[PDB]
Structures are given as C-alpha cells and as structure tokens.
>>> print(open('structure.txt').read())   # compact mmCIF, C-alpha atoms and all ligand atoms
# COMPACT_ATOMS: atom_id res chain seq x y z
CA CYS Q 56 0.00 0.00 0.00
CA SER Q 57 2.69 2.52 1.03
CA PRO Q 58 3.39 4.63 -2.10
CA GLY Q 59 7.19 5.11 -2.05
CA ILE Q 60 7.90 1.36 -2.11
CA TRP Q 61 9.49 -0.47 -5.03
CA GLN Q 62 10.86 -4.01 -5.26
CA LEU Q 63 13.86 -4.65 -7.54
CA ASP Q 64 14.88 -8.10 -8.75
CA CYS Q 65 16.99 -9.51 -11.58
CA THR Q 66 16.12 -12.45 -13.82
CA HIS Q 67 18.11 -14.22 -16.53
CA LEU Q 68 16.77 -15.04 -19.96
CA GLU Q 69 18.81 -15.88 -23.07
CA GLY Q 70 22.08 -15.49 -21.14
CA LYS Q 71 21.15 -11.90 -20.39
CA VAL Q 72 19.99 -10.11 -17.26
CA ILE Q 73 16.65 -8.41 -16.82
CA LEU Q 74 16.35 -5.83 -14.05
CA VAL Q 75 12.71 -5.47 -12.92
CA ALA Q 76 11.32 -2.83 -10.58
CA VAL Q 77 7.74 -3.20 -9.39
CA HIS Q 78 5.89 -0.41 -7.64
CA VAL Q 79 4.30 -2.65 -5.03
CA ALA Q 80 1.06 -0.74 -4.36
CA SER Q 81 0.07 -0.58 -8.09
CA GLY Q 82 1.97 -3.36 -9.90
CA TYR Q 83 3.48 -0.84 -12.32
CA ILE Q 84 6.78 -2.04 -13.79
CA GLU Q 85 9.99 -0.44 -14.99
CA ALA Q 86 12.45 -2.90 -16.53
CA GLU Q 87 15.73 -2.90 -18.49
CA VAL Q 88 17.97 -5.58 -19.94
CA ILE Q 89 21.50 -5.15 -18.62
CA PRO Q 90 24.66 -6.88 -19.95
CA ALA Q 91 25.47 -8.52 -16.62
CA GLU Q 92 24.42 -8.01 -13.03
CA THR Q 93 26.77 -5.32 -11.76
CA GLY Q 94 26.67 -2.80 -8.91
CA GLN Q 95 27.36 -0.24 -11.64
CA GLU Q 96 24.27 -1.12 -13.64
CA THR Q 97 21.98 -1.31 -10.60
CA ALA Q 98 23.29 2.04 -9.26
CA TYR Q 99 22.61 3.66 -12.62
CA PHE Q 100 19.12 2.10 -12.89
CA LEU Q 101 18.28 3.34 -9.37
CA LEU Q 102 19.43 6.89 -10.12
CA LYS Q 103 17.14 6.94 -13.19
CA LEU Q 104 14.19 5.40 -11.36
CA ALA Q 105 14.39 7.84 -8.47
CA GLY Q 106 14.59 10.80 -10.85
CA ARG Q 107 11.27 9.81 -12.37
CA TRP Q 108 9.18 8.55 -9.39
CA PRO Q 109 9.22 9.23 -5.65
CA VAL Q 110 11.31 6.27 -4.43
CA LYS Q 111 11.43 6.05 -0.63
CA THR Q 112 12.26 2.42 0.02
CA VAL Q 113 13.57 -0.47 -2.01
CA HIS Q 114 12.72 -4.12 -1.29
CA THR Q 115 14.44 -7.08 -2.99
CA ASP Q 116 14.61 -10.91 -2.87
CA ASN Q 117 18.41 -10.63 -3.06
CA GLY Q 118 19.79 -8.20 -0.47
CA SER Q 119 23.39 -8.73 -1.55
CA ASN Q 120 22.69 -6.93 -4.85
CA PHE Q 121 22.54 -3.65 -2.91
CA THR Q 122 25.85 -3.77 -1.02
CA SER Q 123 28.37 -2.42 -3.55
CA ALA Q 124 29.84 1.05 -3.13
CA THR Q 125 28.20 2.16 -6.40
CA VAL Q 126 24.71 1.15 -5.24
CA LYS Q 127 25.20 2.59 -1.72
CA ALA Q 128 26.23 5.86 -3.36
CA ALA Q 129 23.03 5.89 -5.45
CA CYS Q 130 20.68 5.28 -2.52
CA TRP Q 131 22.63 7.75 -0.41
CA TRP Q 132 22.41 10.44 -3.07
CA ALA Q 133 18.74 9.86 -3.83
CA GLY Q 134 17.73 9.54 -0.19
CA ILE Q 135 16.59 5.93 -0.51
CA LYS Q 136 16.43 3.54 2.47
CA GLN Q 137 16.58 -0.23 2.00
CA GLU Q 138 14.33 -2.43 4.10
CA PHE Q 139 15.96 -5.35 5.88
CA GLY Q 140 14.17 -8.35 4.35
CA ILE Q 141 10.48 -7.84 3.60
CA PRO Q 142 8.07 -7.07 6.50
CA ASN Q 144 2.52 -7.26 4.69
CA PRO Q 145 -1.02 -8.62 4.08
CA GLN Q 146 -2.37 -6.62 1.09
CA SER Q 147 0.80 -6.99 -1.03
CA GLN Q 148 1.36 -10.73 -0.53
CA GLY Q 149 2.42 -12.27 -3.84
CA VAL Q 150 1.88 -9.07 -5.84
CA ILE Q 151 5.53 -8.75 -6.91
CA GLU Q 152 5.67 -12.50 -7.57
CA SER Q 153 2.49 -12.26 -9.65
CA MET Q 154 3.68 -9.18 -11.57
CA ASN Q 155 6.97 -10.91 -12.40
CA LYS Q 156 4.95 -13.96 -13.52
CA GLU Q 157 2.79 -11.84 -15.85
CA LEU Q 158 5.73 -9.90 -17.31
CA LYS Q 159 7.48 -13.19 -18.23
CA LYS Q 160 4.32 -14.65 -19.79
CA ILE Q 161 3.98 -11.51 -21.94
CA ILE Q 162 7.68 -11.51 -22.89
CA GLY Q 163 6.99 -15.02 -24.22
CA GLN Q 164 4.01 -13.93 -26.32
CA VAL Q 165 5.85 -11.06 -28.02
CA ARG Q 166 9.42 -12.42 -28.14
CA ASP Q 167 9.06 -13.43 -31.78
CA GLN Q 168 8.21 -9.89 -32.89
CA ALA Q 169 11.70 -8.50 -32.24
CA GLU Q 170 15.32 -9.49 -32.82
CA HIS Q 171 16.52 -8.22 -29.45
CA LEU Q 172 15.39 -9.48 -26.07
CA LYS Q 173 15.49 -5.90 -24.72
CA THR Q 174 12.98 -4.77 -27.35
CA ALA Q 175 10.70 -7.65 -26.33
CA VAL Q 176 11.13 -6.61 -22.69
CA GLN Q 177 10.08 -3.03 -23.39
CA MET Q 178 7.08 -4.23 -25.43
CA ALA Q 179 6.06 -6.41 -22.48
CA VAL Q 180 6.47 -3.52 -20.04
CA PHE Q 181 4.19 -1.30 -22.20
CA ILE Q 182 1.58 -4.07 -22.48
CA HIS Q 183 1.67 -4.75 -18.71
CA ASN Q 184 1.45 -1.12 -17.61
CA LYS Q 185 -1.58 -0.32 -19.86
CA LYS Q 186 -3.46 -3.63 -19.31
CA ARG Q 187 -6.98 -3.00 -18.04
CA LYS Q 188 -7.98 -5.63 -15.47
CA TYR Q 194 -7.88 0.16 -14.23
CA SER Q 195 -4.27 -0.21 -15.37
CA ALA Q 196 -1.09 -0.29 -13.27
CA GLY Q 197 -0.14 2.84 -15.21
CA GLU Q 198 -3.35 4.56 -14.09
CA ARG Q 199 -3.12 3.25 -10.54
CA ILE Q 200 0.37 4.62 -9.92
CA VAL Q 201 -0.54 8.14 -11.08
CA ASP Q 202 -3.66 8.05 -8.84
CA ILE Q 203 -1.66 6.99 -5.76
CA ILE Q 204 1.11 9.57 -6.32
CA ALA Q 205 -1.44 12.32 -7.09
CA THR Q 206 -3.51 11.64 -3.95
CA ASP Q 207 -0.30 13.07 -2.51
CA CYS X 56 -1.21 22.23 -22.43
CA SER X 57 -2.33 19.04 -24.21
CA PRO X 58 -1.20 16.14 -21.96
CA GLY X 59 0.04 13.49 -24.44
CA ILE X 60 2.66 15.81 -25.97
CA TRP X 61 6.41 15.34 -25.62
CA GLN X 62 9.28 17.05 -27.42
CA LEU X 63 12.46 15.04 -28.11
CA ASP X 64 15.79 16.61 -28.99
CA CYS X 65 19.44 15.55 -28.92
CA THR X 66 22.40 17.59 -27.69
CA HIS X 67 26.12 16.90 -27.72
CA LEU X 68 28.40 17.32 -24.74
CA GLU X 69 31.86 15.79 -24.27
CA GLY X 70 31.66 14.08 -27.67
CA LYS X 71 28.59 12.20 -26.51
CA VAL X 72 24.90 12.51 -27.31
CA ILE X 73 22.19 13.41 -24.84
CA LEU X 74 18.62 12.50 -25.75
CA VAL X 75 16.13 14.77 -23.94
CA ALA X 76 12.36 14.35 -23.80
CA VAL X 77 10.31 17.15 -22.28
CA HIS X 78 6.65 16.72 -21.40
CA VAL X 79 5.59 20.11 -22.73
CA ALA X 80 2.63 20.86 -20.43
CA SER X 81 4.66 20.25 -17.20
CA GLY X 82 8.36 20.62 -18.07
CA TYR X 83 9.10 17.13 -16.73
CA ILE X 84 12.19 15.58 -18.33
CA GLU X 85 13.35 12.11 -19.23
CA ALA X 86 16.91 11.98 -20.58
CA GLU X 87 19.59 9.41 -21.48
CA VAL X 88 23.13 9.61 -22.81
CA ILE X 89 23.43 7.53 -25.97
CA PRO X 90 26.69 6.50 -27.72
CA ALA X 91 25.76 8.18 -30.99
CA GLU X 92 22.58 9.50 -32.55
CA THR X 93 21.05 6.45 -34.22
CA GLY X 94 17.54 5.48 -35.34
CA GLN X 95 18.13 2.38 -33.22
CA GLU X 96 18.74 4.33 -30.03
CA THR X 97 15.86 6.74 -30.58
CA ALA X 98 13.45 3.87 -31.39
CA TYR X 99 14.46 2.10 -28.19
CA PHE X 100 14.15 5.29 -26.10
CA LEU X 101 10.67 5.92 -27.54
CA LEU X 102 9.49 2.38 -26.77
CA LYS X 103 10.59 2.84 -23.14
CA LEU X 104 9.08 6.30 -22.82
CA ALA X 105 5.71 5.22 -24.19
CA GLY X 106 5.61 2.22 -21.86
CA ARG X 107 5.87 4.53 -18.87
CA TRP X 108 3.76 7.59 -19.83
CA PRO X 109 0.82 8.16 -22.18
CA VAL X 110 2.65 9.44 -25.29
CA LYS X 111 0.26 10.64 -28.00
CA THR X 112 2.36 12.99 -30.05
CA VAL X 113 6.04 13.74 -30.42
CA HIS X 114 7.42 17.16 -31.40
CA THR X 115 11.09 17.81 -32.28
CA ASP X 116 13.40 20.56 -33.59
CA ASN X 117 14.93 17.99 -35.96
CA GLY X 118 12.26 16.11 -37.94
CA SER X 119 14.80 14.00 -39.80
CA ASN X 120 15.66 12.14 -36.58
CA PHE X 121 12.29 10.37 -36.82
CA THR X 122 12.45 9.00 -40.38
CA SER X 123 14.38 5.74 -39.99
CA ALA X 124 12.59 2.40 -40.26
CA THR X 125 13.46 1.62 -36.62
CA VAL X 126 11.84 4.84 -35.33
CA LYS X 127 8.78 4.49 -37.61
CA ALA X 128 8.34 0.98 -36.25
CA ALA X 129 8.41 2.29 -32.66
CA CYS X 130 5.83 5.03 -33.22
CA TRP X 131 3.70 2.63 -35.25
CA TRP X 132 3.78 0.00 -32.52
CA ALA X 133 3.14 2.44 -29.68
CA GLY X 134 0.44 4.35 -31.55
CA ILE X 135 2.38 7.62 -31.61
CA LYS X 136 1.74 10.35 -34.21
CA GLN X 137 4.42 12.90 -35.10
CA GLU X 138 3.41 16.51 -35.63
CA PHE X 139 4.65 18.20 -38.79
CA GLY X 140 6.77 21.05 -37.42
CA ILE X 141 5.45 22.70 -34.26
CA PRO X 142 2.02 24.45 -34.35
CA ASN X 144 1.07 27.43 -29.42
CA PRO X 145 0.85 30.41 -27.00
CA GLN X 146 1.10 28.88 -23.50
CA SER X 147 4.07 26.61 -24.32
CA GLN X 148 6.24 29.18 -26.13
CA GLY X 149 9.86 28.70 -25.07
CA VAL X 150 9.05 26.08 -22.41
CA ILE X 151 11.08 23.31 -24.08
CA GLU X 152 13.87 25.80 -24.82
CA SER X 153 13.82 26.95 -21.20
CA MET X 154 13.74 23.40 -19.81
CA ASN X 155 16.72 22.43 -21.98
CA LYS X 156 18.49 25.58 -20.75
CA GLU X 157 17.90 24.65 -17.09
CA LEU X 158 18.92 21.00 -17.54
CA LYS X 159 22.26 22.10 -19.07
CA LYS X 160 22.91 24.65 -16.30
CA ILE X 161 22.32 21.90 -13.70
CA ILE X 162 24.49 19.38 -15.56
CA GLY X 163 27.24 22.00 -15.23
CA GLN X 164 26.77 22.39 -11.47
CA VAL X 165 26.94 18.66 -10.73
CA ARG X 166 29.32 17.46 -13.47
CA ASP X 167 32.26 17.36 -11.07
CA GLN X 168 30.51 14.94 -8.71
CA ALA X 169 30.66 11.98 -11.12
CA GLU X 170 33.15 10.35 -13.46
CA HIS X 171 30.59 9.66 -16.18
CA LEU X 172 28.59 12.26 -18.06
CA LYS X 173 25.54 9.95 -17.99
CA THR X 174 25.60 9.88 -14.19
CA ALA X 175 25.72 13.68 -14.17
CA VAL X 176 22.80 13.73 -16.61
CA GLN X 177 20.66 11.52 -14.39
CA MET X 178 21.54 13.62 -11.32
CA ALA X 179 20.44 16.72 -13.25
CA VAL X 180 17.20 15.04 -14.34
CA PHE X 181 16.37 14.16 -10.69
CA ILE X 182 17.17 17.71 -9.53
CA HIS X 183 15.07 19.26 -12.33
CA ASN X 184 12.02 17.04 -11.87
CA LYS X 185 11.81 17.63 -8.06
CA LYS X 186 12.67 21.38 -8.12
CA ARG X 187 9.98 23.43 -6.41
CA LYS X 188 9.42 26.72 -8.24
CA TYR X 194 5.10 22.75 -7.45
CA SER X 195 7.59 20.49 -9.23
CA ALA X 196 7.52 19.23 -12.83
CA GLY X 197 7.33 15.78 -11.25
CA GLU X 198 4.20 16.78 -9.32
CA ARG X 199 2.68 18.65 -12.27
CA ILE X 200 2.87 15.69 -14.65
CA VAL X 201 1.14 13.31 -12.22
CA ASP X 202 -1.61 15.93 -11.64
CA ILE X 203 -2.23 16.40 -15.38
CA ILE X 204 -2.28 12.65 -16.13
CA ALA X 205 -4.48 11.94 -13.08
CA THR X 206 -7.05 14.62 -13.99
CA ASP X 207 -7.57 12.03 -16.72
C1 LIG J 1 31.95 5.12 -11.82
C2 LIG J 1 31.41 5.28 -10.42
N1 LIG J 1 32.18 4.68 -9.48
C3 LIG J 1 31.83 4.75 -8.18
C4 LIG J 1 32.66 4.12 -7.24
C5 LIG J 1 32.37 4.14 -5.87
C6 LIG J 1 31.22 4.80 -5.42
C7 LIG J 1 30.38 5.43 -6.35
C8 LIG J 1 30.67 5.43 -7.74
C9 LIG J 1 29.86 6.06 -8.74
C10 LIG J 1 28.62 6.79 -8.38
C11 LIG J 1 27.39 6.09 -8.35
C12 LIG J 1 26.22 6.75 -8.02
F1 LIG J 1 25.07 6.04 -8.00
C13 LIG J 1 26.21 8.11 -7.74
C14 LIG J 1 27.40 8.84 -7.77
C15 LIG J 1 28.62 8.18 -8.09
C16 LIG J 1 29.92 8.96 -8.12
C17 LIG J 1 27.37 10.31 -7.45
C18 LIG J 1 25.98 10.95 -7.56
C19 LIG J 1 24.84 10.04 -7.15
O1 LIG J 1 24.98 8.63 -7.44
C20 LIG J 1 30.22 5.98 -10.10
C21 LIG J 1 29.35 6.66 -11.15
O2 LIG J 1 29.05 5.84 -12.27
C22 LIG J 1 27.95 4.91 -12.25
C23 LIG J 1 27.82 4.45 -13.72
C24 LIG J 1 28.26 3.70 -11.37
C25 LIG J 1 26.62 5.57 -11.84
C26 LIG J 1 30.13 7.86 -11.68
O3 LIG J 1 29.77 8.19 -12.94
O4 LIG J 1 31.02 8.47 -11.08
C1 LIG J 2 16.89 -4.42 -34.64
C2 LIG J 2 15.61 -3.81 -35.17
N1 LIG J 2 15.65 -3.55 -36.50
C3 LIG J 2 14.59 -3.01 -37.12
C4 LIG J 2 14.68 -2.78 -38.50
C5 LIG J 2 13.62 -2.22 -39.22
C6 LIG J 2 12.44 -1.88 -38.55
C7 LIG J 2 12.33 -2.11 -37.17
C8 LIG J 2 13.40 -2.68 -36.43
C9 LIG J 2 13.36 -2.94 -35.03
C10 LIG J 2 12.16 -2.62 -34.21
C11 LIG J 2 12.06 -1.35 -33.61
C12 LIG J 2 10.95 -1.03 -32.84
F1 LIG J 2 10.89 0.19 -32.28
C13 LIG J 2 9.93 -1.95 -32.62
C14 LIG J 2 10.00 -3.22 -33.20
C15 LIG J 2 11.12 -3.57 -34.00
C16 LIG J 2 11.20 -4.94 -34.63
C17 LIG J 2 8.87 -4.20 -32.97
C18 LIG J 2 7.99 -3.86 -31.76
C19 LIG J 2 7.79 -2.37 -31.53
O1 LIG J 2 8.90 -1.50 -31.83
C20 LIG J 2 14.49 -3.51 -34.38
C21 LIG J 2 14.41 -3.78 -32.88
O2 LIG J 2 15.55 -3.32 -32.16
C22 LIG J 2 15.65 -1.96 -31.70
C23 LIG J 2 16.88 -1.97 -30.75
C24 LIG J 2 15.92 -1.00 -32.85
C25 LIG J 2 14.42 -1.52 -30.89
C26 LIG J 2 14.37 -5.30 -32.70
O3 LIG J 2 14.87 -5.69 -31.51
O4 LIG J 2 13.96 -6.11 -33.53
>>> encode(input="structure.txt", output="structure tokens")
Amino acid sequence: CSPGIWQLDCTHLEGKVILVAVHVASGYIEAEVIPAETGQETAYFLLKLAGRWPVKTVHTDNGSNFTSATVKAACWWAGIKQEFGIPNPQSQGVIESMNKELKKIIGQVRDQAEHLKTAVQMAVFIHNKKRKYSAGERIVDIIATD
Amino acid sequence: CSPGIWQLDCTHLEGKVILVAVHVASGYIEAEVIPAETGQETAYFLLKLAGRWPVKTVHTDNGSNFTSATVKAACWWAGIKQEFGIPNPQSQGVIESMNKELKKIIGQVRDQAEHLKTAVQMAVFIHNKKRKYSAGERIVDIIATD
C-alpha cells in the first residue's frame, strides 16, 4: 500500500539479465535488460528510477545486490532507504504475480523482435496499460492523492 | 497544455549525445546519454518512454531524426503520431527553457561523477523535483485529472 515502495529483482533469460522494478502498491513495472548483473548497472538504474518517481524504500529478494559502493552511493544520493528483508497482508504475492505476468507476456511477443530488450520493453508497455484500471493509471492516482 | 505531448531533442556534450524528452505541459524531463545518434537508439528510447507515460504525439526541432525504419516501427507499434513542425501560445519557449535549465544543472553537478551519464541523471532528478510545485508533481496531476 505505502506509495514510495518499489521491489527490484533480476532475472536471466537468453544469457542476459533483466532488471525489474515493481511499484508494489500498483503493480506498475519499470524494466531494463543489462549486460550482466553489476553494482554499476543497478546504481545507474536506481538513479534513473528515483529521478522519475518518488522512491522512498527499495525491497528485494536478493539483499546482496545492494551492497556495492556504487549502489550505496546511489541510494545515499537519492535519499533511498533499504528495508531489511520484507516485512505485509495486502501486497502478498503481488511482486511475484507481476513478475509472472511480465514473463508470460515476454513469451508472447518475443518473436516480434530481434533483441530481447525490445521484447522486454514491449512487455512492459503491455503490462502497464493492461486493463484488469491499469497499473499505469493506478500509480498516477496513488502519487497524485499526494 | 495538451497532456500526451512530448518534445524530443538531442544535444552533444563531451563528444557524446544526450537524448532529452520534455513533457511540454509540465516541463518534466526524461533523458539518457546515448553513444551516438542512431535510429536504433531513438526507437528504443521511444518504446521505453511510451511504456511509462501516455505518449500521444512527439514534437522535435529535428524532424529528420524520426524517419528511420526503426523509429517508424516504434511510433507505429506504440500508436504515436508525429506533428509536422510545431504548431502554441502557453508553451512558447518552455522546451527551450527546460533544456536551458537542464544544461545549467548538468554543469553544477558534473564534477561529482566520473561519467557524463551519471551527471545527466543527477540533473534530471534535480530538475524534476525542483519546487518553483515540481515538474514531477505537475505531470502526475495532469495525467491523473484524466
Ligand atoms: C563510476 C562510479 N564509481 C563509483 C565508485 C564508488 C562509489 C560510487 C561510484 C559512482 C557513483 C554512483 C552513483 F550512484 C552516484 C554517484 C557516483 C559517483 C554520485 C551521484 C549520485 O549517485 C560511479 C558513477 O558511475 C555509475 C555508472 C556507477 C553511476 C560515476 O559516474 O562516477
Ligand atoms: C533491430 C531492429 N531492426 C529493425 C529494422 C527495421 C524496422 C524495425 C526494427 C526494429 C524494431 C524497432 C521497434 F521500435 C519496434 C519493433 C522492431 C522490430 C517491434 C515492436 C515495436 O517496436 C528492431 C528492434 O531493435 C531496436 C533496438 C531498434 C528496438 C528489434 O529488436 O527487432
């Protein structure tokens, strides 16, 4: 429910790494394909994310991915705190479910592009605008309510 | 004023290319440093932008940058129309002014990072949260008003 909360996790597909951020309260996704998991790439993703949306707290299923000096620098600069583990009723399985839907969609569109990263961005677009209201609409509502 | 309208322009700094998208009605920026101006890079930027915000129409000060097959494909897929030239009273000089502020800020923070792209993302963050209300707050309000 809390509106500044995002969960970041990486997945591998086709020998490449997909960084996925889910805005927990709405299910809205931002994702990028990165060459390999690196503190550098995560730091840079975080700086971009935080410049676009109000990021207060980051959750993850892999805490170690946020321990490098580059990533600490990013959270420090952007004023982001990282929760220890994951403390919640209403959001149970949301992030899991969103990551499950994103992958299903990537599968459906994969054939329409040469590059995995193109397919990822198509899937992100599809997911954010999907009317069950859309994640895209839900996140704006939450942030606007102020 | 119209809420689906973004202007995209490239600038060069340090022998590198900065792609800047300004949401005209609010002054909110998304920017990335790309290796060189290429249809490929623009197409990919557009696909990401449109997956995150409702992009109806793109304006530019360089129409030729939107003529490649890659970029046509992106606008076609995302349902984006491109205005011929630029038709407006209330937005006069906004995009010019926003690009002027972004560059001033890049200058102030450039020394705090090795990489230009890091400096760019710092400047984007600063610009979007700057309270005159912020661009970041204005864009959510506009999109939410529906
Ligand atoms: C190359 C680099 N190396 C670092 C080494 C140790 C600690 C931080 C950084 C950072 C870094 C990371 C950040 F997240 C960050 C800042 C720095 C210096 C300062 C402003 C706010 O956020 C960068 C950074 O490049 C990256 C590609 C890793 C972002 C740099 O360009 O200097
Ligand atoms: C490598 C590539 N080459 C192309 C050549 C001609 C026309 C389109 C593309 C596209 C493209 C561009 C798009 F914008 C796009 C689509 C394609 C195929 C299909 C879905 C919606 O948008 C890609 C694309 O890679 C880029 C890095 C340029 C995005 C690809 O991965 O195939």
>>> closest_atom_pairs(input="structure.txt", of="range 78-119 of chain Q", to="range 62-72 of chain Q", cutoff="9 Å", atoms="all atoms listed in the file", output="CSV")
residue,atom,partner,partner_atom,distance
Q:78,CA,Q:62,CA,6.6
Q:79,CA,Q:62,CA,6.7
Q:87,CA,Q:72,CA,8.5
Q:88,CA,Q:72,CA,5.6
Q:89,CA,Q:72,CA,5.4
Q:90,CA,Q:71,CA,6.1
Q:91,CA,Q:72,CA,5.7
Q:92,CA,Q:72,CA,6.5
Q:112,CA,Q:62,CA,8.4
Q:113,CA,Q:62,CA,5.5
Q:114,CA,Q:62,CA,4.4
Q:115,CA,Q:63,CA,5.2
Q:116,CA,Q:64,CA,6.5
Q:117,CA,Q:64,CA,7.2
>>> interface_residues(input="structure.txt", of="chain Q", to="chain X", cutoff="6 Å", atoms="only C-alpha atoms", output="short mmCIF file (atom, residue, chain, number, x, y, z; two decimals) with C-alpha atoms, in the frame of the given file")
data_model
loop_
_atom_site.label_atom_id
_atom_site.label_comp_id
_atom_site.auth_asym_id
_atom_site.auth_seq_id
_atom_site.Cartn_x
_atom_site.Cartn_y
_atom_site.Cartn_z
CA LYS Q 103 17.14 6.94 -13.19
CA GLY Q 106 14.59 10.80 -10.85
CA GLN Q 177 10.08 -3.03 -23.39
CA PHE Q 181 4.19 -1.30 -22.20
CA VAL Q 201 -0.54 8.14 -11.08
CA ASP Q 202 -3.66 8.05 -8.84
CA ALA Q 205 -1.44 12.32 -7.09
#
>>> atom_distance(input="structure.txt", atom1="CA of residue 171 in chain X", atom2="CA of residue 155 in chain X")
19.7 Å
>>> axis_aligned_box(input="structure.txt", around="ligand LIG 2 (chain J)", padding_each_side="5 Å", output="JSON")
{"center_x": 12.3, "center_y": -3.0, "center_z": -35.0, "size_x": 19.1, "size_y": 16.3, "size_z": 18.5}
>>> atom_distance(input="structure.txt", atom1="atom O3 of ligand LIG 2 (chain J)", atom2="CA of residue 120 in chain X")
18.6 Å
>>> closest_residue(input="structure.txt", among="Q:168, Q:119, Q:57, Q:195", to="ligand LIG 2 (chain J)", atoms="only C-alpha atoms and all ligand atoms")
Q:168
>>> atom_distance(input="structure.txt", atom1="atom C18 of ligand LIG 2 (chain J)", atom2="CA of residue 59 in chain X")
20.4 Å
>>> residues_around(input="structure.txt", residues="residue 125 in chain Q", least_positions_apart="2", cutoff="8 Å", atoms="all atoms listed in the file", output="NGL selection string")
:Q and (94-95 or 98 or 123 or 127-129)
